[PDB]
Every structure is written in structure tokens, then in C-alpha cells.
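# Coordinates in review
Spelled out from the first residue to the last, the chains are:
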Amino acid sequence: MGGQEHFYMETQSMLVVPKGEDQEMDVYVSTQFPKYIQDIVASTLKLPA
Amino acid sequence: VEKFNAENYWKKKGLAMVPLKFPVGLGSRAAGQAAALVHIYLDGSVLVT
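Its PDB header attributes the entry to X-ray crystallography and lists the resolution as 3.10003770671 Å.

Now the structure itself:
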């Protein structure tokens with residue numbers, strides 16, 4: 001049985017905007033798991049959630 | 001200061017002391033009403049507003 005592509009009509013899209021204070025960061029992502037995005041970004045930036 | 005005022009004619013000193021009772025309160029109980037919102041993320045950090 002062969003594989004499949006999601007082929008969602010909106011491709012991977014995101015905008016990441018630093019606030020400029022306390023290394024605050026707002027991510028605007030096309031995703032299903034905002035908590036996971038919050039974790040991997042905070043872990044990458046070595047910041048608390 | 002009374003010694004200065006009697007010795008000097010074109011320069012005078014002054015001294016005063018006032019008491020303070022500042023009552024604190026609003027109009028009704030509904031005007032002193034406050035609210036807050038607290039989150040605790042899985043890394044242990046807390047966001048309050």
C-alpha cells in the first residue's frame with residue numbers, strides 16, 4: 001500500500017514576532033498543536049514557557 | 001527661625017507642620033471589585049494577568 005501526501009491547500013506558513021522585552025516571542029503558526037510549538041520554541045530559545 | 005527673622009530684614013525663614021488623615025475608599029463594593037487570571041505551564045512557569 002503506497003503512501004499519501006496531506007496536500008493541504010495552505011502550505012506551511014508561520015510568522016514569528018519578538019516583542020523586544022524579556023525575550024518575549026509571539027509565534028503565529030498554521031499548526032494543530034500550539035502547545036508543542038510553544039514548547040519547541042521555548043526549548044530552542046532556552047526560555048520558560 | 002525666629003532668631004533669623006529678627007536679625008535679617010530682606011530675607012526671612014519659615015516653618016510649618018501639618019497633619020494628615022487620608023480616608024481610602026470607593027463608592028460601593030462593586031467599584032472595588034478586582035479579578036485576575038493565572039496559568040501554570042507544564043515547565044513550571046506561571047503567567048499572571
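### Description of the overall build of chain B
The helix and strand inventory of chain B stands at 1 helix and 2 strands. Listing each helix as α and each strand as β along chain B from the N terminus yields α-β-β. Taken along the three principal axes of its C-alpha coordinates, chain B extends 75 × 35 × 15 Å. Among the 49 residues that make up chain B, the fraction classed as buried is 2%. For chain B, the exposed surface amounts to about 5300 Å²; the carbon and sulfur share of it is 63%.

### Overview of the pairing of strand β2 (residues 25-29) of chain A
All names here are of chain A. Note that strand β1 (residues 14-18) and β2 share 5 bridges and pair antiparallel. Residue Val17 lies in a different strand from β2, and its bridge partner there is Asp26. Taken together, β1 and the strand that follows it, β2, pair antiparallel across an intervening segment of 6 residues, in which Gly20 is found at a positive phi of about 95°.

### Side note on the interface of chain B and chain A
Residue-level contacts link 4 residues of chain B with 4 residues of chain A. In total, chain B and chain A occlude about 280 Å² of area from one another, counting both sides; carbon and sulfur atoms represent 68% of this. Area buried by chain B at its contact with chain A is led by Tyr41(B), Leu42(B) and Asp43(B), which between them contribute 83% of it. One can count 0 salt bridges joining chain B with chain A. Our enumeration of links across chain B and chain A arrives at 2 residue pairs in polar contact. The residue makeup of the side of chain B that touches chain A, split by class, is 2 nonpolar, 1 polar and 1 charged.

### Describing the environment of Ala42(A)
Residues and elements named next belong to chain A. Along the chain, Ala42 turns up in helix α1 (residues 34-44). When the C-alpha positions of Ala42 and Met25 are compared, they lie 8.9 Å apart, and in sequence the two are 17 residues distant. Contacts of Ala42, omitting those with residues within four sequence positions, involve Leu47, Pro48 and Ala49.

### Overview of the pattern of salt bridges
Tallied over the entire structure, the rule returns 2 salt bridges over all chains. Measuring nitrogen to oxygen at the nearest pair gives 2.6 Å for the salt bridge that ties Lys35(A) to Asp39(A). Separated by 4 residues within a single helix, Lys35(A) and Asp39(A) lie in helix α1, roughly one turn from each other. Residue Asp39(A) is classed as partly exposed on the basis of its relative accessible area of 32%. Between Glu7(B) and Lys3(B) there is a salt bridge, and its shortest N-O distance comes to 2.8 Å. Remark: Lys3(B) and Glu7(B) occur in helix α1 (residues 2-7); sequence separation between them is 4 residues, near one turn of the helix. With relative accessibility at 58%, the residue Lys3(B) sits in the exposed group.

Calculation criteria
- Residues numbered from 1 in each chain as written, not as in the entry; some residues may be left out.
- Chains lettered and ligands numbered in written order.
- Part of a larger assembly, values for the part shown.
- Heavy atoms only, no water.
- Helix = DSSP H or I, 4+ residues; strand = E, 2+ residues; numbered from the N terminus.
- Buried < 20%, exposed > 50% of the residue type's maximum accessible area, 1.4 Å probe, protein only.
- Areas by Shrake-Rupley, 256 points an atom, 1.4 Å probe, with all protein chains shown as cover.
- Pairing = 2+ DSSP bridges.
- Contact = heavy atoms within 4.5 Å.
- Buried area = accessible area lost by both parts, 1.4 Å probe.
- Salt bridge = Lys/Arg side-chain N within 4 Å of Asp/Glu carboxyl O.
- Polar contact = N/O pair within 3.5 Å; in protein donor to acceptor, adjacent residues only side chain to side chain.
- Nonpolar A, V, L, I, M, F, W, Y, C, P; charged D, E, K, R; others polar.

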